[PDB]
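Data block below; observations after.
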Amino acid sequence: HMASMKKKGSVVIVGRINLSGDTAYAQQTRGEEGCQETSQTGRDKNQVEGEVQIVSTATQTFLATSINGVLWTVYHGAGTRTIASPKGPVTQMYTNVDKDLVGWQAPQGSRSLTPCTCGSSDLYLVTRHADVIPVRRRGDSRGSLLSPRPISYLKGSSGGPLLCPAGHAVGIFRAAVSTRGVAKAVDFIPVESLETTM
Ligand SMILES: COc1ccc2nc(C)c(O[C@@H]3C[C@H]4C(=O)N[C@]5(C(=O)NS(=O)(=O)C6(C)CC6)C[C@H]5/C=C\CCCCC[C@H](NC(=O)OC5CC(F)(F)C5)C(=O)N4C3)nc2c1
Ligand SMILES: [Zn+2]
């Protein structure tokens, strides 16, 4: 019935990948209970830091990456959802289901990566567990893992960054190419698609 139709909650920042120092490690900033509450209200007073956020809905968890003042993530994680923020839910600034890409204004306190201009093919994928995985670029939107891994190790890292040697954003992790459950290559949204959308 119309009176009973419910609302999907907002995406919620529940942690971050710390790349500040010499060692990368994940930090959680909100537990499940607070996450559920924050997703319903859309009101998130937590301080935000860093470039790579860990984000969750009521049913999924993935990553979000700030590039040039926009917090980017994948449509198959976020859908058309708002993101929780100190002033309430924030509507998506970008939505492209054809690229599996969405974006919101980057939260106050976040740091943005700058798009890569090096043209280098030696990349590094950052996972939700703060693993930094060497990836060789194989195409506009493909890269091969130098050391293959079960897909289990990549699950939940969509929306994370592929970086160049200089630490620039090369793309947003979108999908894993696997055979027999072993991930051999990754599919990603090139940063140029982002720069075009912007
Ligand atoms: C509904 O609207 C839309 C619109 C456009 C969409 N466009 C894409 C490409 C897509 O793909 C889905 C989701 C994605 C995925 O699971 N992404 C990662 C992830 O972690 N998600 S996640 O965080 O856990 C989660 C669900 C958000 C919470 C990183 C991968 C890690 C492990 C996956 C293993 C099993 C899956 C292997 C699979 N493989 C593959 O499809 O490869 C091919 C794409 C190609 F290049 F053509 C070849 C794969 O990767 N996906 C399947 N859904 C779309 C949906
Ligand atoms: Zn670069």
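We count ligands from 1, going down the list as the structure has it; atoms in each ligand are counted the same way. Heavy atoms only: backbone and side chains are in, while hydrogens, waters and symmetry mates are out. Nothing fancy with the numbering, it's 1 onward along the sequence.
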Side chains of [X] and [Y]: donor-acceptor distance under 3.5 Å anywhere?
{"X": "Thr82", "Y": "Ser10", "answer": "yes"}
{"X": "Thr95", "Y": "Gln92", "answer": "yes"}
{"X": "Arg138", "Y": "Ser144", "answer": "yes"}
{"X": "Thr61", "Y": "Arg128", "answer": "yes"}

**Item:** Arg137 bridged to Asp122 by N-O distance under 4.0 Å
**Value:** no

**Prompt:** So, are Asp187 and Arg174 salt-bridged, with charged N and O less than 4.0 Å apart?
**Reply:**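 Yes, charged N to carboxylate O under 4.0 Å.
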
Can you tell me the protein heavy atom closest to [atom] and the distance?
{"atom": "atom 49 (C) of ligand 1", "result": "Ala175 CB, 3.6 Å"}
{"atom": "atom 10 (C) of ligand 1", "result": "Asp100 OD2, 4.0 Å"}
{"atom": "atom 26 (C) of ligand 1", "result": "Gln60 OE1, 3.2 Å"}

Please determine if [X] has a nitrogen or oxygen closer than 3.5 Å to a nitrogen or oxygen of ligand 1.
{"X": "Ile151", "result": "no"}
{"X": "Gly156", "result": "yes"}
{"X": "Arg174", "result": "yes"}
{"X": "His76", "result": "yes"}
{"X": "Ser158", "result": "yes"}

Taking only heavy atoms of [X], which atoms of ligand 1 are found under 4.0 Å from at least one of them?
{"X": "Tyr75", "result": "2 (O), 3 (C)"}
{"X": "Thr61", "result": "23 (O), 28 (C)"}
{"X": "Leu154", "result": "20 (O), 31 (C)"}
{"X": "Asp187", "result": "44 (C), 46 (F)"}
{"X": "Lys155", "result": "20 (O), 24 (O), 31 (C), 32 (C)"}
{"X": "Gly77", "result": "27 (C)"}
{"X": "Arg142", "result": "45 (C), 46 (F), 47 (F), 48 (C)"}
{"X": "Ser157", "result": "20 (O), 23 (O)"}

Side-chain contact, heavy-atom cut-off 4.5 Å: [X] with [Y]?
{"X": "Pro134", "Y": "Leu123", "value": "no"}
{"X": "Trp104", "Y": "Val70", "value": "no"}
{"X": "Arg149", "Y": "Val182", "value": "no"}
{"X": "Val14", "Y": "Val55", "value": "no"}

**Request:** Report the part of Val97 (side chain from C-beta onward, or backbone N, CA, C, O) that has a heavy atom under 4.0 Å from ligand 1; answer both or neither where that applies.
**Result:** both

**Prompt:** Where does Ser178 meet ligand 1, judged by heavy-atom distances below 4.0 Å: at the side chain, the backbone, both, or neither?
**Reply:** neither

**Item:** Close approach of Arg128 to ligand 1, heavy atoms, under 4.0 angstrom
**Value:**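 No, that is not the case, since the closest heavy atom of the residue is not under 4.0 Å from the ligand.
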
**Message:** So is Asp98 touching ligand 1 or not, going by heavy atoms under 4.0 Å?
**Reply:** no

**Fill in**
Which atom of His168 is nearest the Zn ion (ligand 2), counting N, O or S only? It is ND1

Does some non-hydrogen atom of the protein lie less than 4.0 angstrom from [atom]?
{"atom": "atom 4 (C) of ligand 1", "result": "yes"}
{"atom": "atom 8 (C) of ligand 1", "result": "yes"}
{"atom": "atom 36 (C) of ligand 1", "result": "no"}

**Request:** Rounded to the nearest 10 degrees, what's the angle SG of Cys118 makes with SG of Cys164 at the Zn ion (ligand 2)? Could you check?
**Result:** 120°

**Item:** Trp72-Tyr94 aromatic ring centre distance below 6.0 Å
**Value:**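 Yes, they do, as the ring centres are separated by less than 6.0 Å.
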
**Prompt:** Is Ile17 reachable from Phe173 through a run of I, L, V, M, F, W or Y residues, each pair having side-chain heavy atoms under 4.5 Å apart?
**Reply:**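 As far as the 4.5 Å side-chain criterion goes, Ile17 and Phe173 are not connected within one cluster.
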
**Nearest-0.5 Å distance, OG1 of residue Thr65 to CG of residue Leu113** =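 Reported to 0.5 Å precision, the distance equals 7.0 Å.
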
**Request:** State the OG-CD1 distance between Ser112 and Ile67, to the nearest 0.5 angstrom.
**Result:** 8.0 Å

**Request:** May I ask which of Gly79, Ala185, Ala176 has a heavy atom nearer to atom 40 (C) of ligand 1 than the others do?
**Result:**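 Nearest heavy atom to atom 40 (C) of ligand 1 lies in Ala176.
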
**Test applied, side chain to side chain contact (heavy atoms under 4.5 Å, CB included); reference residue, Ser157; option that passes from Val186, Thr127, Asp131, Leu125** =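 Single pass found, and it is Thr127.
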
